[PDB]
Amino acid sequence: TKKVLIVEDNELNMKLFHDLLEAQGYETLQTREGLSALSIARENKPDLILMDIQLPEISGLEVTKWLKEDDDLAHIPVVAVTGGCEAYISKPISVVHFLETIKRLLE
């Protein structure tokens, strides 16, 4: 099963991403904090990371740099939600566009 780690501080955005990804048969991991994202990534080895750039406590871009600096996490594709990111998506989120981008990198 594909695993997508969702790093999003907003509950509404978090649920949507979660709901859409799960409906596609993907497993998901969730955290509102960039630092926890690093921990979870090493512990669960997700296949893709959906990174909110505008986190309140820290720059998602700085978390992405830490990811790319870790030999064990650098290979994991990172999709930015608005540098080391393989793709980006803007809000209002387009469901099809969102899902296509992720599948494109995962499948």
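Position 1 is the first residue in the sequence shown; the rest follow in order.
Colleague: What number of residues from the deposited sequence go unmodelled in the gap from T82 to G83, classed as none, 1 to 3, 4 to 9, or 10 or more?
Modeller: Gap between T82 and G83: 10 or more unmodelled residues.
Colleague: When the Cα temperature factors in the entry are averaged, is it 88-96 or 20-28 that ends up higher?
Modeller: Comparing averages over the C-alpha atoms only gives 88-96.
Colleague: On average, which has the higher Cα B-factor in the deposited entry, 29-37 or 69-77?
Modeller: Here the higher of the two C-alpha B-factor means belongs to 69-77.
Colleague: Check where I6 lands among this chain's C-alpha B-factors and tell me if it's the lowest, middle or highest third.
Modeller: Lowest third, going by the recorded CA B-factors of the chain.
Colleague: Relative to the other modelled residues of the same chain, rank the CA B-factor of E62 and answer lowest, middle or highest third.
Modeller: Within its chain, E62 is a middle-third residue by C-alpha B-factor, going by the deposited values.
Colleague: Would you mind checking where the Cα B-factor of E43 ranks among the modelled residues of its chain, as the lowest, middle or highest third?
Modeller: Highest third of the chain for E43's C-alpha B-factor.
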